[PDB]
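Engineer: Below is data37.tsv; it holds TSV, C-alpha atoms.
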```tsv
chain	number	residue	atom	x	y	z
A	43	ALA	CA	22.43	54.46	4.14
A	44	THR	CA	20.90	51.00	3.72
A	45	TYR	CA	22.13	48.12	5.88
A	46	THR	CA	21.18	44.44	5.64
A	47	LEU	CA	21.97	42.43	8.78
A	48	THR	CA	21.88	38.63	8.87
A	49	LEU	CA	21.99	37.06	12.34
A	50	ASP	CA	21.80	33.41	13.36
A	51	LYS	CA	23.16	30.90	15.87
A	52	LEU	CA	26.16	29.07	14.43
A	53	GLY	CA	26.20	26.55	17.28
A	54	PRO	CA	24.79	24.33	18.57
A	55	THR	CA	22.86	23.11	15.51
A	56	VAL	CA	19.93	22.03	17.70
A	57	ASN	CA	18.18	24.51	19.96
A	58	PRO	CA	20.48	25.12	22.95
A	59	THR	CA	19.60	23.87	26.41
A	60	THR	CA	20.34	25.63	29.70
A	61	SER	CA	23.88	24.28	30.07
A	62	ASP	CA	25.34	24.57	26.58
A	63	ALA	CA	26.83	27.82	25.32
A	64	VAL	CA	25.47	29.61	22.24
A	65	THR	CA	27.71	31.09	19.54
A	66	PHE	CA	26.32	33.55	17.01
A	67	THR	CA	27.01	34.47	13.39
A	68	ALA	CA	26.37	37.97	12.05
A	69	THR	CA	26.96	39.45	8.60
A	70	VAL	CA	26.45	43.00	7.32
A	71	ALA	CA	25.87	44.04	3.71
A	72	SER	CA	25.41	47.68	2.70
A	73	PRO	CA	24.09	48.12	-0.87
A	74	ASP	CA	25.22	51.74	-1.17
A	75	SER	CA	27.00	52.88	2.02
A	76	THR	CA	30.53	51.47	1.70
A	77	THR	CA	32.05	52.61	4.99
A	78	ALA	CA	32.85	51.42	8.52
A	79	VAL	CA	30.27	51.03	11.29
A	80	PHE	CA	30.41	49.71	14.85
A	81	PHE	CA	28.39	46.65	15.86
A	82	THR	CA	27.11	45.71	19.32
A	83	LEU	CA	25.49	42.44	20.41
A	84	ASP	CA	22.93	42.11	23.21
A	85	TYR	CA	22.17	38.57	24.36
A	86	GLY	CA	18.85	39.49	25.99
A	87	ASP	CA	19.40	37.31	29.06
A	88	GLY	CA	19.29	40.37	31.32
A	89	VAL	CA	22.28	39.42	33.47
A	90	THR	CA	24.85	40.32	30.81
A	91	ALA	CA	25.03	43.91	29.60
A	92	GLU	CA	25.38	45.15	26.03
A	93	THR	CA	28.76	44.37	24.48
A	94	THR	CA	31.19	47.15	23.63
A	95	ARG	CA	31.06	48.70	20.17
A	96	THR	CA	33.43	47.07	17.67
A	97	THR	CA	34.33	48.16	14.15
A	98	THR	CA	33.11	46.26	11.09
A	99	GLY	CA	35.39	47.51	8.31
A	100	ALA	CA	34.63	48.64	4.79
A	101	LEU	CA	31.21	47.33	3.83
A	102	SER	CA	30.04	46.35	0.35
A	103	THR	CA	27.19	44.64	-1.48
A	104	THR	CA	28.43	41.20	-0.45
A	105	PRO	CA	28.08	40.59	3.30
A	106	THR	CA	31.11	40.57	5.56
A	107	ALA	CA	32.37	37.12	6.52
A	108	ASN	CA	31.06	36.35	10.02
A	109	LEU	CA	31.47	39.75	11.64
A	110	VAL	CA	30.87	38.06	15.01
A	111	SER	CA	33.82	35.67	15.26
A	112	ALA	CA	34.30	33.06	17.98
A	113	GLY	CA	35.89	35.49	20.46
A	114	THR	CA	34.07	35.94	23.77
A	115	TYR	CA	30.63	36.43	22.19
A	116	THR	CA	29.36	33.09	23.52
A	117	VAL	CA	26.68	33.22	26.21
A	118	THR	CA	24.92	30.50	28.20
A	119	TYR	CA	21.34	31.03	29.35
A	120	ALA	CA	20.29	30.26	32.92
A	121	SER	CA	16.57	30.23	32.04
A	122	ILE	CA	14.57	28.32	29.45
A	123	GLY	CA	12.13	29.87	27.00
A	124	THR	CA	12.28	32.39	24.17
A	125	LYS	CA	15.27	34.73	24.33
A	126	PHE	CA	15.99	37.60	21.95
A	127	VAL	CA	19.44	38.49	20.62
A	128	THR	CA	19.98	41.90	19.04
A	129	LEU	CA	22.69	43.13	16.68
A	130	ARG	CA	22.87	46.92	16.46
A	131	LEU	CA	24.95	49.06	14.10
A	132	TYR	CA	26.06	52.59	15.05
A	133	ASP	CA	28.06	55.24	13.23
A	134	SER	CA	30.62	55.97	15.96
A	135	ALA	CA	32.31	53.85	18.61
A	136	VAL	CA	31.75	56.57	21.22
A	137	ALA	CA	28.47	56.79	23.13
A	138	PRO	CA	25.77	57.71	22.39
A	139	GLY	CA	26.16	57.41	18.61
A	140	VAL	CA	23.49	57.34	15.93
A	141	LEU	CA	21.75	53.95	15.83
A	142	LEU	CA	22.14	53.16	12.14
A	143	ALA	CA	20.42	49.77	12.18
A	144	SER	CA	19.05	47.02	14.41
A	145	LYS	CA	18.20	43.35	13.96
A	146	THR	CA	16.55	40.90	16.37
A	147	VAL	CA	16.66	37.10	16.29
A	148	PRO	CA	14.79	34.68	18.58
A	149	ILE	CA	16.57	31.77	20.26
A	150	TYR	CA	14.68	28.89	21.88
A	151	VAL	CA	16.25	27.45	25.04
A	152	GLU	CA	14.91	24.02	25.98
A	153	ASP	CA	15.35	22.37	29.37
A	154	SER	CA	17.64	19.40	30.00
A	155	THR	CA	15.47	18.19	32.89
A	156	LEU	CA	12.84	16.76	30.51
A	157	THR	CA	13.73	14.19	27.85
A	158	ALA	CA	11.18	13.46	25.11
A	159	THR	CA	11.39	10.60	22.62
A	160	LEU	CA	9.31	9.44	19.66
A	161	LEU	CA	8.99	5.75	18.78
A	162	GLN	CA	7.20	4.31	15.75
A	163	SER	CA	6.00	0.71	15.99
A	164	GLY	CA	5.46	0.22	12.26
A	165	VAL	CA	6.68	1.65	8.97
A	166	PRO	CA	4.56	4.48	7.50
A	167	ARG	CA	2.81	3.93	4.17
A	168	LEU	CA	2.42	6.49	1.40
A	169	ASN	CA	-0.96	8.27	1.42
A	170	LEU	CA	-2.12	5.92	4.21
A	171	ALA	CA	-3.00	6.90	7.76
A	172	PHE	CA	-0.10	5.78	9.96
A	173	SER	CA	-1.10	5.30	13.60
A	174	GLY	CA	2.11	3.68	14.86
A	175	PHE	CA	3.63	6.82	16.38
A	176	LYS	CA	4.04	7.06	20.14
A	177	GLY	CA	5.57	9.69	22.41
A	178	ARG	CA	7.33	9.30	25.74
A	179	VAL	CA	8.51	11.88	28.28
A	180	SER	CA	10.73	11.58	31.35
A	181	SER	CA	11.39	14.45	33.76
A	182	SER	CA	14.26	14.35	36.24
A	183	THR	CA	12.36	16.86	38.37
A	184	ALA	CA	9.08	15.78	39.96
A	185	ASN	CA	5.61	17.26	39.42
A	186	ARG	CA	6.17	18.47	35.87
A	187	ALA	CA	3.36	20.70	34.61
A	188	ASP	CA	0.85	19.53	32.01
A	189	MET	CA	2.36	19.40	28.54
A	190	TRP	CA	1.33	19.46	24.89
A	191	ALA	CA	2.82	17.74	21.86
A	192	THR	CA	3.06	18.65	18.19
A	193	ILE	CA	4.51	16.46	15.44
A	194	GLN	CA	5.97	17.86	12.22
A	195	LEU	CA	6.08	15.21	9.51
A	196	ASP	CA	8.88	16.81	7.48
A	197	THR	CA	10.97	19.95	7.10
A	198	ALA	CA	9.70	20.51	3.56
A	199	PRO	CA	8.24	23.99	2.95
A	200	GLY	CA	4.69	22.70	2.49
A	201	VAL	CA	4.60	20.75	5.75
A	202	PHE	CA	3.12	22.47	8.80
A	203	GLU	CA	3.10	21.71	12.51
A	204	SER	CA	0.18	19.60	13.69
A	205	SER	CA	-2.37	20.80	16.21
A	206	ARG	CA	-1.25	20.39	19.81
A	207	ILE	CA	-2.34	17.26	21.69
A	208	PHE	CA	-2.71	17.22	25.46
A	209	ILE	CA	-0.16	15.27	27.51
A	210	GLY	CA	-1.09	14.75	31.14
A	211	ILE	CA	0.81	15.67	34.27
A	212	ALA	CA	4.06	13.83	35.03
A	213	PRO	CA	4.23	13.80	38.85
A	214	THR	CA	6.67	10.95	39.42
A	215	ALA	CA	10.26	11.80	38.52
A	216	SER	CA	12.65	9.77	36.34
A	217	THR	CA	9.86	7.60	34.92
A	218	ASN	CA	8.63	7.01	31.38
A	219	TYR	CA	5.22	8.62	30.84
A	220	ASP	CA	3.65	7.52	27.57
A	221	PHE	CA	1.12	8.99	25.16
A	222	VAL	CA	-0.25	8.37	21.68
A	223	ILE	CA	-0.30	10.62	18.63
A	224	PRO	CA	-3.20	11.00	16.17
A	225	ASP	CA	-2.53	9.20	12.91
A	226	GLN	CA	-0.58	11.21	10.34
A	227	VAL	CA	-0.75	10.83	6.56
A	228	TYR	CA	2.46	11.22	4.58
A	229	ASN	CA	2.68	12.46	0.99
A	230	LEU	CA	6.12	11.59	-0.46
A	231	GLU	CA	8.06	8.34	-0.61
A	232	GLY	CA	11.49	8.52	0.98
A	233	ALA	CA	13.16	9.48	4.23
A	234	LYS	CA	11.71	12.30	6.32
A	235	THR	CA	12.95	14.22	9.36
A	236	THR	CA	9.84	14.01	11.51
A	237	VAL	CA	10.25	16.07	14.68
A	238	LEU	CA	8.36	16.14	17.98
A	239	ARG	CA	7.92	19.39	19.92
A	240	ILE	CA	6.84	19.40	23.57
A	241	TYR	CA	5.34	22.72	24.70
A	242	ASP	CA	4.09	23.88	28.09
A	243	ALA	CA	1.07	25.78	26.71
A	244	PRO	CA	-1.74	24.79	24.33
A	245	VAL	CA	-2.04	28.15	22.57
A	246	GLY	CA	1.68	29.03	22.48
A	247	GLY	CA	4.56	29.77	24.81
A	248	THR	CA	7.86	28.19	25.77
A	249	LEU	CA	9.35	25.26	23.85
A	250	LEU	CA	10.04	22.63	26.50
A	251	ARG	CA	11.75	20.14	24.20
A	252	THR	CA	12.46	19.22	20.58
A	253	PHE	CA	13.24	15.63	19.62
A	254	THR	CA	14.45	14.30	16.27
A	255	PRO	CA	15.22	10.60	15.68
A	256	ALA	CA	18.79	9.69	14.83
A	257	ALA	CA	19.66	9.20	11.17
A	258	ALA	CA	20.33	5.53	11.93
A	259	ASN	CA	16.60	5.04	12.63
A	260	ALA	CA	14.75	7.73	10.68
A	261	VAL	CA	11.17	7.81	9.44
A	262	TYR	CA	10.90	6.24	5.98
A	263	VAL	CA	7.70	6.26	3.91
A	264	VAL	CA	7.51	3.39	1.42
A	265	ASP	CA	5.08	2.75	-1.41
A	266	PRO	CA	3.36	-0.64	-0.95
A	267	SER	CA	2.84	-0.88	-4.72
A	268	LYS	CA	6.58	-0.42	-5.37
A	269	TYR	CA	7.47	-3.77	-3.78
A	270	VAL	CA	8.11	-6.58	-6.27
A	271	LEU	CA	7.24	-10.14	-5.24
A	272	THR	CA	7.82	-13.28	-7.33
A	273	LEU	CA	6.23	-16.27	-5.59
A	274	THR	CA	6.81	-19.72	-7.10
A	275	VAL	CA	4.87	-22.69	-5.74
A	276	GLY	CA	4.02	-26.20	-6.89
A	277	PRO	CA	1.55	-27.09	-9.64
A	278	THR	CA	-1.57	-24.94	-9.61
A	279	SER	CA	-4.10	-27.74	-10.21
A	280	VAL	CA	-3.52	-30.79	-7.99
A	281	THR	CA	-5.45	-33.19	-5.76
A	282	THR	CA	-5.23	-33.94	-2.05
A	283	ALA	CA	-2.67	-36.69	-2.77
A	284	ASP	CA	-0.19	-34.60	-4.78
A	285	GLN	CA	2.79	-32.65	-3.43
A	286	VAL	CA	2.94	-28.85	-3.66
A	287	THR	CA	6.51	-27.54	-3.47
A	288	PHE	CA	7.31	-23.92	-2.59
A	289	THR	CA	10.86	-22.96	-3.56
A	290	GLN	CA	12.42	-20.38	-1.24
A	291	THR	CA	15.35	-19.80	-3.60
A	292	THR	CA	13.21	-19.03	-6.65
A	293	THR	CA	10.67	-16.93	-4.74
A	294	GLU	CA	12.11	-13.43	-4.45
A	295	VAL	CA	11.30	-10.05	-2.91
A	296	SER	CA	12.66	-6.63	-3.84
A	297	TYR	CA	12.00	-2.90	-3.55
A	298	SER	CA	12.44	-1.07	-6.85
A	299	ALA	CA	11.92	2.49	-5.57
A	300	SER	CA	15.26	3.08	-3.85
A	301	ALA	CA	18.34	1.36	-2.48
A	302	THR	CA	17.76	2.49	1.11
A	303	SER	CA	14.64	1.05	2.72
A	304	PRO	CA	13.62	-0.36	6.11
A	305	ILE	CA	13.72	-4.14	6.29
A	306	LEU	CA	10.56	-6.25	6.42
A	307	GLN	CA	9.67	-9.76	7.57
A	308	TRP	CA	8.47	-12.19	4.91
A	309	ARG	CA	5.78	-14.64	6.03
A	310	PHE	CA	4.29	-17.44	3.94
A	311	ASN	CA	0.93	-19.12	4.53
A	312	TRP	CA	-0.34	-22.27	2.83
A	313	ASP	CA	-4.00	-21.28	3.41
A	314	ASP	CA	-4.68	-24.60	5.15
A	315	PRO	CA	-5.96	-24.92	8.74
A	316	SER	CA	-3.90	-28.03	9.50
A	317	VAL	CA	-0.48	-26.37	9.09
A	318	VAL	CA	0.20	-22.92	10.51
A	319	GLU	CA	1.98	-20.25	8.50
A	320	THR	CA	5.73	-19.75	8.64
A	321	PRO	CA	7.10	-17.49	11.40
A	322	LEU	CA	8.53	-14.06	10.73
A	323	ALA	CA	11.93	-14.06	9.03
A	324	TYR	CA	14.16	-11.63	7.19
A	325	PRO	CA	15.16	-12.20	3.56
A	326	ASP	CA	18.27	-14.24	2.83
A	327	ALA	CA	21.48	-13.04	4.51
A	328	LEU	CA	19.89	-10.00	6.15
A	329	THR	CA	19.80	-8.81	9.76
A	330	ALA	CA	17.59	-6.34	11.60
A	331	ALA	CA	20.01	-3.45	11.06
A	332	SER	CA	20.32	-4.17	7.33
A	333	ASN	CA	18.28	-2.38	4.68
A	334	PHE	CA	15.70	-3.93	2.37
A	335	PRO	CA	17.42	-4.88	-0.91
A	336	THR	CA	16.60	-3.33	-4.27
A	337	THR	CA	17.95	-6.10	-6.50
A	338	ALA	CA	16.12	-9.41	-6.75
A	339	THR	CA	16.97	-11.48	-3.66
A	340	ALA	CA	15.75	-14.89	-2.57
```
Go ahead and render the structure in this file as structure tokens.

Structural biologist:
Amino acid sequence: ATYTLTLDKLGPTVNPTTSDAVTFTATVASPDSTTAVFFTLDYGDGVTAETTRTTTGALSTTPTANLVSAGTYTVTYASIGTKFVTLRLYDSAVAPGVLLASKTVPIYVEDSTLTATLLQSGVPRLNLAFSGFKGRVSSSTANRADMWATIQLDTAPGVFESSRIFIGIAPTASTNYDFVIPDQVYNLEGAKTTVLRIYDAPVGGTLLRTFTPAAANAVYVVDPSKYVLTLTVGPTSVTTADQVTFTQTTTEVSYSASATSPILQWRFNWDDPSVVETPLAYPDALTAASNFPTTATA
């Protein structure tokens, strides 16, 4: 009489807010008891009661395919915070049957009143302290309570949430309140899904908001040593009367690590006080939205 219950939220992919409905996914796998049991789902909101018992069918070692279908199992939460959903398995549809098994899953309901965003001024460097991160919060309601922020560098198993940093009160409504983040050191070259979590308590509590940058502008850690630069200038040994020629076409920049990379501005300085260095400019035939090329480009 062993039962393995897997419960999760199929939708939405992100943590649900107050308004959006939540749909669940539940599977049951019995290693030895191949029979039929009745499942009930409690949403834990308090307003809605426990759902009626419903049959599961003949169980087996492999889990049943989404025992909780779309149906009317969706539920929207009127309050933010940590809710608990419970899937319970009983022998008989009548009440009160024998409670064969129970499983509990926590759902985090953020609030739509507060919008949090994370902006990075620069591009992070591998194994180098990056201090370009910045957080911003805007609350539609006025007099928002004092907040705290944590930043998770990546979703990799080894990465952990950072210690919470204090974010002051946000009295004025519908305004952008700004704060800084302590410098974070990355460990792997490539794209990372850095996330920002705004909490209402320093030691733990409700999850006010979770923000993740769009895949169009995602955090990318690049190795400075991986860049390849081929600079061609005039003759090395000359006098003050000679002419030193720097060829833009022959001079080339590239990034050998990967095809996808954030773009960078190339700037050239003659190391002479009389003439200032060239202004910032992208490589040839590249715009701001474009990616830094891998092949050799002028």

Engineer: So which residues touch residue A:238 within 8 Å, counting only C-alpha atoms, skipping near sequence neighbours fewer than 5 positions away, as a PDB file with C-alpha atoms, in the frame of the given file?

Structural biologist:
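What ended up in part_8.pdb:
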```pdb
ATOM      1  CA  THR A 159      11.390  10.600  22.620  1.00  0.00           C
ATOM      2  CA  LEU A 160       9.310   9.440  19.660  1.00  0.00           C
ATOM      3  CA  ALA A 191       2.820  17.740  21.860  1.00  0.00           C
ATOM      4  CA  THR A 192       3.060  18.650  18.190  1.00  0.00           C
ATOM      5  CA  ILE A 193       4.510  16.460  15.440  1.00  0.00           C
ATOM      6  CA  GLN A 194       5.970  17.860  12.220  1.00  0.00           C
ATOM      7  CA  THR A 252      12.460  19.220  20.580  1.00  0.00           C
ATOM      8  CA  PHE A 253      13.240  15.630  19.620  1.00  0.00           C
ATOM      9  CA  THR A 254      14.450  14.300  16.270  1.00  0.00           C
TER      10      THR A 254
END
```

Engineer: Would you kindly identify which residues have an atom no farther than 8 Å from (30.2, 48.6, 14.9), using all atoms listed in the file and the file's own coordinates, and write them out as a VMD selection string?

Structural biologist: chain A and resid 78 to 82 95 to 98 130 to 135

Engineer: Please, what is the axis-aligned box for every listed atom of stretch 151-160 of chain A with 5 Å on each side, as centre and edge lengths in Å to one decimal, as JSON?

Structural biologist:
```
{"center_x": 13.5, "center_y": 18.4, "center_z": 26.3, "size_x": 18.3, "size_y": 28.0, "size_z": 23.2}
```

Engineer: Please determine, counting all atoms listed in the file, which residue among A:68, A:257, A:230, A:243 has the shortest atom-to-atom distance to residue A:48.

Structural biologist: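 Answer, going by the shortest atom-to-atom distance: A:68.
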
Engineer: What does the distance between atom CA of residue A:307 and atom CA of residue A:324 come to in Å, to one decimal place?

Structural biologist: 4.9 Å

Engineer: Mind checking which residues fall within 8 Å of residue A:261, counting all atoms listed in the file, ignoring those fewer than 4 positions away in the same chain, and posting them as a ChimeraX atom specification?

Structural biologist: /A:165-166,233-236,255

Engineer: Selected residues, C-alpha atoms, written as a compact mmCIF listing (two decimals), in the frame of the given file, please.

Structural biologist:
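Dumped everything to again.txt:
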```txt
# COMPACT_ATOMS: atom_id res chain seq x y z
CA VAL A 165 6.68 1.65 8.97
CA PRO A 166 4.56 4.48 7.50
CA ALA A 233 13.16 9.48 4.23
CA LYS A 234 11.71 12.30 6.32
CA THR A 235 12.95 14.22 9.36
CA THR A 236 9.84 14.01 11.51
CA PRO A 255 15.22 10.60 15.68
```

Engineer: Can you tell me, as a list in words, what residues are no more than 10 Å from stretch 51-57 of chain A when counting all atoms listed in the file, ignoring any on the same chain fewer than 5 positions away?

Structural biologist: residues 62, 63, 64, 65, 66, 67, 68, 108, 112, 116, 127, 147, 148, 149, 150, 151, 152, 249, 251, 252, 253 and 254 of chain A

Engineer: When you count only C-alpha atoms, which of these residues is closest to residue A:338: A:311, A:300, A:226, A:293?

Structural biologist: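 Of all the options, A:293 lies closest to residue A:338.
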
Engineer: Using only C-alpha atoms, can you tell me which of A:46, A:143, A:170, A:58 comes closest to residue A:105?

Structural biologist: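 For residue A:105, the nearest of the candidates is A:46.
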
Engineer: If we draw a sphere of 10 Å around (8.7, -27.2, -3.0), which residues have at least one atom in it when counting all atoms listed in the file? Please report them as a list in words.

Structural biologist: residues 274, 275, 276, 277, 285, 286, 287, 288, 289, 290 and 291 of chain A

Engineer: I'd like to know which of A:271, A:71, A:317, A:330 is closest to residue A:259, using only C-alpha atoms.

Structural biologist: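 The answer is A:330, which sits nearest to residue A:259.
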